[PDB]
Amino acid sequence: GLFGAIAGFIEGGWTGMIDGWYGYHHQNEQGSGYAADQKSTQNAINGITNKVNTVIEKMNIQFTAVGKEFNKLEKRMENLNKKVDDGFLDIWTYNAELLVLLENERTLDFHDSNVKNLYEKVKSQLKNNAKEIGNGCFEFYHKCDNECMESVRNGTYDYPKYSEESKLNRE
């Protein structure tokens, strides 16, 4: 990946997370579980929807196009017509295949970027209150209940609230 998250420092994907493209997995005393991030997922959905719809939109509706006939003394006009049809066909095949390839690369890079940015968001919310244990995971230096986890997910993590306890455990 261009951003090194997908198939990078986050090696694999989660089949357990069925309700979104990007999200979280938590484990505390109350238990463990998955939870998709709706904001980033919705944004990505919107963007990619716009991408597909624009690709479709740019290709106009092919109206009626049929062949024509020429007598034995019109070989030049025949070959000219054929050259036109063939040239247009070549160009359009080319454009379609190329566009698909490019947008595919860009799409995968886009998802990679989203995951990376999500990880960085969480990493910036937490600080010395947690440590990076790799594989896109954080280990808290304090007890983090479901409410705390929720605060992490919806972007309202109270750092000074656990700063003292985390400071004590970090030593």
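The first residue of the sequence shown is number 1, and the count goes up from there.
Taking the mean C-alpha B-factor of each stretch as recorded, 132-140 and 112-120 are not equal, and the higher mean is that of 132-140. Stretches 41-49 and 54-62 differ in mean CA B factor, with 54-62 having the higher one.
In the PDB entry, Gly12 places in the middle third of its chain by CA B-factor. Residue-level temperature factors show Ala35 in the middle third of its chain, judged at the C-alpha atom. Ranked within its chain, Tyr22 lands in the middle third, by CA B factor from the PDB record.
In the deposited entry, the Cα temperature factor of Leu168 places it in the highest third of its chain's modelled residues. In this PDB entry, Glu69 carries a Cα temperature factor that places it within the middle third of its chain's modelled residues.
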